[PDB]
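The chain contents come next:
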Amino acid sequence: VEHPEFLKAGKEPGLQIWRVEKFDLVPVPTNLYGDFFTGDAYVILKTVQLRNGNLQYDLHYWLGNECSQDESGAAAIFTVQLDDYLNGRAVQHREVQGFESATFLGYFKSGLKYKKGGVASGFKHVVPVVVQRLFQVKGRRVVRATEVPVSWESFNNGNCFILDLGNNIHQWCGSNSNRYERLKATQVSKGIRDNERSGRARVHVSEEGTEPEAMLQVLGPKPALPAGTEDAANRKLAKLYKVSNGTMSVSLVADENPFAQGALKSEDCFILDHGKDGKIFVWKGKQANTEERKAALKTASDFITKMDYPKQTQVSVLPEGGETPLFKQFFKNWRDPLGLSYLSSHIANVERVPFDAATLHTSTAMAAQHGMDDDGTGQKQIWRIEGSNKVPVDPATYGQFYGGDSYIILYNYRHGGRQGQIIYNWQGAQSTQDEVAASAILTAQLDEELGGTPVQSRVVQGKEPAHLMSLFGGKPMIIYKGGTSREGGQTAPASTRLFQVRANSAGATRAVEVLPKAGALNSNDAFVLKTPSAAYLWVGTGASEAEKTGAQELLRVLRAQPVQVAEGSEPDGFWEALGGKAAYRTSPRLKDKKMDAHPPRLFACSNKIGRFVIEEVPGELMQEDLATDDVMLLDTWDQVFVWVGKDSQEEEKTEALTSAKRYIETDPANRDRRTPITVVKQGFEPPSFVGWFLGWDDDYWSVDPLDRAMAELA
């Protein structure tokens with residue numbers, strides 16, 4: 001019962017595509033994965049192996065434009081029944097032509113092809129040739145190739161076109177076609193030659209005026225052609241509703257912005273309304289009855305109409321305990337009762353390498369996963385911003401940063417065979433705005449006077465990166481909440497102070513001053529309470545040797561002999577110094593699983609017409625997606641790289657630090673405002689950046705990437 005090919009589905013990790021032909025799944029040939037008839041519906045099952053050996057199922061069903069009404073319903077029916085066959089532990093997606101999700105687009109790096117025809121017209125994927133097709137290649141990072149009529153009417157000056165003739169495959173790009181867009185058109189022309197034609201096809205690329213005689217026979221003379229036509233901040237707001245059942249009825253449960261994990265009741269299903277951005281999630285509760293769970297895919301279509309969203313809205317239904325990290329970031333502190341529920345398919349190929357200082361200079365991957373460009377024991381110079389000039393910090397005070405000051409640290413990192421530099425700009429949260437802006441102005445000039453190659457990294461008091469903690473050898477990075485270290489104003493310390501001693505991957509600690517309240521404690525870290533009478537050394541149950549050894553060295557600065565005290569075993573005088581015992585933070589940290597819960601995503605952005613638009617590039621993070629004439633954002637959880645190309649617009653280069661700020665402000669997860677941003681330039685990327693790019697070639701930009709493939713593939 002209901003097992004035609006379900007047996008073969010989801011048995012091994014990989015990609016599986018079927019075509020719904022007459023209410024039946026017809027497998028698509030492996031060499032033709034990516035071709036999609038505009039008149040049919042498909043069902044795609046991506047099997048990914050979790051870290052714990054189990055399998056993870058991403059169920060996509062794709063709807064063609066010229067697809068019949070019952071063709072799409074048959075695809076949605078198979079998706080509900082395939083998920084039912086796979087124990088319901090699958091994420092289902094409603095993908096439409098030209099508006100599919102990033103998870104689906106990641107499965108096709110060569111690019112999609114939208115072929116004319118379908119089941120009703122009498123067409124099928126076969127390898128029998130003699131053809132005469134023409135594709136329009138649109139998109140810069142998400143490259144789509146829609147079949148168009150074979151005529152100059154379908155051409156334009158802005159895009160590249162591929163005229164298929166069988167024994168010859170002519171590629172043609174207009175006068176206004178961007179060079180990076182021509183590179184993506186070559187991927188499609190190669191995917192046609194090597195896969196569809198089985199390598200027996202001569203590709204002849206050409207441009208305006210230099211078109212061959214073969215093009216002149218099937219198209220004719222070339223007349224005057226027209227030009228091309230080619231997120232904003234709507235991704236900030238989202239809402240959550242509860243569905244009940246006659247007809248359908250939704251009721252608002254979530255106010256706005258982020259929500260709570262407790263509102264998700266297991267007995268019912270919910271809708272994560274984000275249609276303003278273009279996607280709606282449907283959350284199947286574990287106690288939700290069977291009628292509602294199987295009709296959950298239809299509940300989204302009704303909600304699309306009930307709210308008047310476009311038909312091509314992305315839909316993703318998911319079960320309880322199998323939520324995607326995209327969905328989980330809409331919630332305040334998500335907790336699951338190696339690996340987690342979901343595993344992002346684009347980081348599933350990345351091999352996890354734990355930190356080891358002895359081999360850090362060898363593994364670029366280890367540098368990315370921990371943010372350590374090197375061990376942090378290189379030549380460094382530190383300045384303090386007094387007014388409008390840099391003041392060298394006393395070498396004895398190296399490691400002490402006051403909240404009322406702004407600093408500039410120029411560090412020389414060594415890693416692998418190459419050598420580089422990083423410029424840290426530590427903006428204290430209590431520093432005056434004129435000096436804070438001056439620190440950033442001096443940080444930028446220091447870069448341009450150093451050749452424009454070093455790295456810029458704006459860091460705010462509290463959220464210091466992992467690499468910045470380790471710059472002081474064995475000494476911990478001490479952060480004072482206020483005051484200043486200039487000769488003039490020598491501020492006195494507070495009567496009672498509290499220091500949180502956090503440790504990073506490399507075991508280096510940082511002591512950030514916080515408010516002397518019991519709620520500021522954290523069981524994972526060691527804490528120091530400097531009261532006038534005594535001197536405590538709170539060792540959290542989760543604190544290791546690194547936090548303890550770094551906490552007592554902080555007392556060496558305060559000239560107070562510590563009284564080490566255990567968690568939950570503190571004498572009464574400890575609570576009297578804070579202000580009464582309170583419920584602190586006992587929950588542990590993610591550590592190794594923080595990369596899974598928040599996978600690194602790559603975006604392209606543009607601040608044109610006073611509107612900040614961001615386009616996420618799907619699939620595995622590859623070097624070829626970094627466009628030289630663009631400014632890219634790599635969003636790690638602790639850090640936000642901003643890769644700026646060499647051939648980008650002049651305003652885009654300067655408006656790069658603000659571009660990442662706009663990206664963090666508009667993030668629906670309500671990211672920390674103090675999240676550090678790192679400015680990285682093309683050709684001088686630090687190891688913590690290239691470690692996410694497997695197969696990173698150093699001399700990649702030594703030869704033009706277009707001129708490479710224009711001869712490498714032709």
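Conventions we followed
- Residues numbered from 1 in each chain as written, not as in the entry; some residues may be left out.
- Heavy atoms only, no water.
- Residues with missing side-chain atoms left out of burial classes, pairs and counts.
- Helix = DSSP H or I, 4+ residues; strand = E, 2+ residues; numbered from the N terminus.
- 1 Å grid on protein atoms, 1.4 Å probe; cavity = no way out; pocket = protein on both sides within 12 Å on 5 of 7 lines; lining within 4 Å.
- Points joined across faces, edges and corners; volume = space filled by probe spheres on them.
- Nonpolar A, V, L, I, M, F, W, Y, C, P; charged D, E, K, R; others polar.
- Domains from an automatic or database assignment.
- Buried < 20%, exposed > 50% of the residue type's maximum accessible area, 1.4 Å probe, protein only.
- Arc of directions from axis to C-beta.
- Pairing = 2+ DSSP bridges.
- Axes fitted to C-alpha atoms, helices over the stretch in contact; angles between N-to-C directions.
- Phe/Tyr/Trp six-rings, centres within 6.5 Å; stacked < 30°, edge-to-face > 60°.
- Polar contact = N/O pair within 3.5 Å; in protein donor to acceptor, adjacent residues only side chain to side chain.
- Contact = heavy atoms within 4.5 Å.
- Core = buried A, V, L, I, M, F, W, Y, C linked by side-chain atoms within 4.5 Å.
- Disulfide = S-S within 2.5 Å.

The deposited coordinates for this entry were obtained by X-ray crystallography, with a reported resolution of 3.499 Å.

Glancing now at unusual backbone geometry. The backbone of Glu2 shows a phi angle near 55 degrees, a positive value even though the residue is not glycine. Tracing the sequence through the fold places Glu2 in the segment before β1 (14–20). The phi torsion at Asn87 lies on the positive side, around 60 degrees, for a residue other than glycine. Structurally, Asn87 can be placed in the loop between α1 (69–85) and β6 (90–96).

In this structure, the largest cavity spans a volume of roughly 60 Å³. If you trace the largest cavity, you find it lined by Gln171, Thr186, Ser189, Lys190, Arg193, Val203, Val205, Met710, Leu713 and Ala714. Taken together, the elements giving at least two residues each to the lining of the largest cavity come down to α3 (179–196) and β12 (202–207). For the lining of the largest cavity, the residue count by class is five nonpolar, three polar and two charged. Shared between two domains, the lining of the largest cavity holds at least three residues of each, these being domain 2 (127–231) and domain 6 (589–714).

As a further point, take helix α6 (residues 296–306). Where α6 is concerned, the buried positions are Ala296, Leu297, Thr299, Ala300, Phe303 and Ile304. Looking straight down α6, one finds its buried side chains confined to an arc of 155 degrees; they lie on one side. In α6, the exposed residues that point more than 90 degrees away from the buried face are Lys298, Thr305 and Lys306. Of the residues flanking the end of α6, it is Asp308, one or two places downstream, whose phi is positive at about 60 degrees.

Moving on, we come to the sheet that holds strand β28 (residues 536–539). Pairing within the open sheet is mixed, and its seven strands lie in the order β20-β24-β26-β25-β27-β28-β29. Each end of this open sheet is capped by a strand with a single partner; those strands are β20 (400–402) and β29 (563–566). Strand after strand, the sheet turns through a mean of 20 degrees between neighbouring axes, direction not considered. Examined bridge by bridge, strand β27 (residues 526–530) and β28 share two bridges and lie antiparallel to one another. The partner of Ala526 across the bridge, within β28, is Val539.

Applying the stated criterion across every chain yields a total of 42 aromatic pairs. On the numbers, 4.8 Å between centres and 35 degrees between planes, the contact of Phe36 with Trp62 is tilted. Taken together, the positions of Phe36 in strand β3 (residues 35–37) and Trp62 in strand β5 (residues 55–63) put the pair 26 residues apart, joining distant regions of the chain. A single burial state applies to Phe36 and to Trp62, both of which are buried.

A word on the side chain of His370. Note that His370 resides in helix α8 (residues 364–370). A polar contact is formed between the side chain of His370 and the backbone oxygen of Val353, at a distance of 3.5 Å. Setting aside residues no more than four positions away along its own chain, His370 makes contact with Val353, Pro354, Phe355, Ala466 and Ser505.

The residue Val512 is located in strand β26 (residues 509–514) in this model. Measuring from C-alpha to C-alpha, the distance between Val512 and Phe499 comes to 5.3 Å, with 13 residues separating the pair along the chain. Other than its neighbours up to four places away in sequence, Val512 contacts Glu464, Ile479, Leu498, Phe499 and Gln500.

Turning our eyes to something else, we now look at the nonpolar core. Counting 41 residues, the largest nonpolar core has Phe401, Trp426, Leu602, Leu626, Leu634, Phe689 and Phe693 as its most contacted members. Of all the elements in the fold, those that place two or more residues in this core are β21 (406–415), β22 (418–427), β23 (455–460), β24 (477–480), β30 (601–608), β32 (631–635), β33 (640–644) and α16 (687–690). Per-element accounting of this core gives the leading share, four residues, to β21. Here this core spans two domains, and each of domain 4 (344–492) and domain 6 (589–714) adds at least three residues to it. Formed by 38 residues, the second largest nonpolar core is a distinct cluster that contains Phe6, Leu82, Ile280 and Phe303.

Attention now goes to the state of the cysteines. With the rule as written, the count across this model stands at one disulfide. Paired by a disulfide, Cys160 and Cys173 hold their sulfur atoms 2.0 Å apart. As the torsion about the S-S bond is roughly 105 degrees, the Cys160-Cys173 disulfide counts as right-handed. On the criterion of sequence distance, the pair formed by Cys160 in strand β10 (residues 160–164) and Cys173 in strand β11 (residues 168–173) is long-range, its members being 13 residues apart. Assigned by exposure class, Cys160 and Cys173 land together as buried.

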